[PDB]
Amino acid sequence: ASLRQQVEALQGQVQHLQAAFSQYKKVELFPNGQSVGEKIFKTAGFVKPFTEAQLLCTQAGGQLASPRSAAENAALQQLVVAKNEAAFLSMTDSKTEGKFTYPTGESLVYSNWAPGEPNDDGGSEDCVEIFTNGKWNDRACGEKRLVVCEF
Amino acid sequence: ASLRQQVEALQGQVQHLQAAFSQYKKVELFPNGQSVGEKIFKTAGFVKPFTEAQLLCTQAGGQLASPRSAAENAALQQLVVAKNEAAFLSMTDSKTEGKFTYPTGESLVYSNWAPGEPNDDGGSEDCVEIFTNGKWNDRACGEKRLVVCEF
Amino acid sequence: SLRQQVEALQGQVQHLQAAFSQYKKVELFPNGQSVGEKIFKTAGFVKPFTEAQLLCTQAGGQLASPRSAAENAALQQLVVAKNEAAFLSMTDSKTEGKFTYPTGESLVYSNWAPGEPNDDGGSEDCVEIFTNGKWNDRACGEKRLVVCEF
Ligand SMILES: OC[C@H]1O[C@H](O[C@H]2[C@@H](O)[C@H](O)[C@@H](CO)O[C@@H]2O)[C@@H](O)[C@@H](O)[C@@H]1O
Ligand SMILES: OC[C@H]1O[C@H](O[C@H]2[C@@H](O)[C@H](O)[C@@H](CO)O[C@@H]2O)[C@@H](O)[C@@H](O)[C@@H]1O
Ligand SMILES: OC[C@H]1O[C@H](O[C@H]2[C@@H](O)[C@H](O)[C@@H](CO)O[C@@H]2O)[C@@H](O)[C@@H](O)[C@@H]1O
Ligand SMILES: [Ca+2]
Ligand SMILES: [Ca+2]
Ligand SMILES: [Ca+2]
Ligand SMILES: [Ca+2]
Ligand SMILES: [Ca+2]
Ligand SMILES: [Ca+2]
Ligand SMILES: [Ca+2]
Ligand SMILES: [Ca+2]
Ligand SMILES: [Ca+2]
C-alpha cells in the first residue's frame, strides 16, 4: 500500500548518495589517480625498488600497475608524465627468463615494448618499467621507480 | 509482502553506506580539500602557469577555483593560507581586456579585488590570483601559482 | 511495477557497495590506516604541536590518539612508512606528570619507551611515537609528523 512511498524515499537517498559519491571520487583521483573502465590507478608519489613497491600495493589491497590494454596504458602514462618518473609494472619474467607474467602467473595479454625491448640487459632484467612516452622496458628489479598501484 | 522486507533490508544497507561514507569524506578532504556548500576545492599541492593549471583541473573533471560568493572565497582562502601560496582562479579577461569572465564566458557574479585592482600592470595581466588575505589581483598568466581545482 | 523498481534499487545498492569498497582502498593508499572504527591519516609533513592540533580539529578530527595496542600498531605503520616520528594528541600541560586526552580524561592505554615520560629539561609536555611504536614525552615546540584520526 504505502510501500510505494518507502521505495521512492529510498530512491532519493540512494541517488543523493550516488551524486555525493561521484563528486568525492573525482576529488579523490586529483591529482594522483586515474580511472579507466572499472580500474583505478593511484601513485604513491615516490620511488621504490620493485620488491618494496609490490609490497606497498599488495598490503593496500591492490597490486602494481598492470595495464591490459592500450586504454589502460594511456591512463597509466598520464600519471607517469604528471610525476615525470618512470614507474614499475607488476609483471616479471623471474620464473622463466623471457616469459613475462602477471602476479597470478598468467602470460601477458597486452604489451607496449620500446623498440629493441625486452633485451635482458646484462643478463639480469626481470622487471618492467613504463616511460613517460608510455613505452615499456625491462629493467633490473633493484632499481627504484615510481610506485603506482591499481585497485 | 516479501517486497516490504526487501525494501527494509536495502534501507539498512543504505544507512551503513551513508555512515561509512560520512567518515571517509572527512578523511579524504584532509589536508588538501575544503568543502563549502555543495562545492569542493582541492589543491594539487604544487604550482603551475595558468594554462597548465587549467588543463589539470579540466582533465580531472573539474575546473580552476571559481569562488562565486564571499563564503566560497573564504573557504578557498583557508586552503591558500594553509599552503601559504597564492593560487590562480579560473577567470581571465583574455578575450576582451577589462572584462573578466568564467571559463563558461559569463561575467563575474562576485569579486574580491584588492584596492586598485585589476590594473593590468605592464599592459599584460589577464589572469587572477588570490592572496593569503583572500584578496584578488590580476596577474600575468605565465607566472606560476598554486593549482586549486573545484569539483 | 513496484517489484521492478525494487529490483533496480537492489542493483544500485550492490553497485554502490562494490564501488565504495574499492574507493576506500584508494583513499587509504598511501597515507591512511583503518583500525576498527577509527582511521588514521597523515598530512605527510611536520609541524609543532599547536599547529598540528589545529590542522586536525579544523578538518573535523583530532591528533592521533591510540587507545589500544591494535591502534598503536596501525599508527606505527604510517610512522614507519614516512620514517618520521609523529605527535600524539595527549599532553600533561595542565598538571605535570598526568597525561590526558584532548577531552580531559586520563590515558587508558600507554606505550612508553623505557624510562619515559621523563620531562627532560623540565619541559616536555607533548608525546611523540617513534618508528618502533614506543612513546617519548617531548617539547611541544618540536616539529613532528602530523597524523590525525577520524
Ligand atoms: O640500464 C639498462 C638499460 O640500458 C639501455 O638503456 C640505457 C640508454 O641506452 C637509454 O638511452 C636510457 C634511456 O632509455 O636508458 C638507459 O640509460 C638499454 O639497453 C635498456 O634496454 C636497458 O634496460
Ligand atoms: O608584479 C605585478 C604586481 O605588481 C604590484 O604588486 C606588487 C605588490 O604590491 C604585491 O603585493 C605583490 C604580490 O605578489 O606583487 C608585487 O610585488 C602591483 O602593481 C600589482 O597590481 C601587480 O600585479
Ligand atoms: O630531549 C629529547 C630526548 O632525548 C633523549 O632521547 C634521545 C635519544 O636518547 C634516543 O635514543 C632517541 C630514541 O629514538 O630519542 C632521542 O633522540 C631522552 O632523554 C628523551 O627522554 C628526551 O625526550
Ligand atoms: Ca632472469
Ligand atoms: Ca629477463
Ligand atoms: Ca631493457
Ligand atoms: Ca589583455
Ligand atoms: Ca588584463
Ligand atoms: Ca595587478
Ligand atoms: Ca610541564
Ligand atoms: Ca611533562
Ligand atoms: Ca622524554
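Lettering of chains follows the sequences in order, A, B, ..., and the numbering in each one begins at 1. Values below: every heavy atom of this structure, side chains too, minus hydrogens, waters and symmetry copies.
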Leading residue by heavy atom contact count with chain A [cutoff under 4.5 Å; candidates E27(C), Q77(C), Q33(C)]: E27(C)
Which portion of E38(A) sits near chain C, non-hydrogen atoms under 4.5 angstrom: backbone
Atom CD of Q4(C) with >12 non-hydrogen neighbours under 6.0 angstrom: no
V26(C), part contacting chain A, at a heavy-atom distance under 4.5 Å: both
Nearest non-hydrogen partners of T43(A) and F29(C), listed with the distance: C-CE2, 4.0 Å
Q5(C) side, atom CD; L10(A) side, atom CG - distance, nearest 0.5 Å: 11.5 Å
Under 4.5 Å from any heavy atom of chain A - which part of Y23(C): side chain
Residue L16(C) versus chain A: region with a heavy atom under 4.5 Å: side chain
Atom NZ of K38(C) with >12 non-hydrogen neighbours under 6.0 angstrom: yes
Over 12 foreign heavy atoms within 6.0 Å of NZ, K144(A): no
Part of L3(A) lying under 4.5 Å from any heavy atom of chain C: both
Atom pair CD (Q12(C)) and CD (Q18(A)), whose distance is rounded to the nearest 0.5 Å: 4.5 Å
Side chain / backbone / both / neither for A18(C) at chain A, heavy atoms under 4.5 Å: neither
Partner set under ring pair (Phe, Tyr, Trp, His ring centres under 6.0 Å) for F40(C), not counting sequence neighbours: none
Closest heavy-atom pair and its distance - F151(A), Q22(C): O-NE2, 3.2 Å
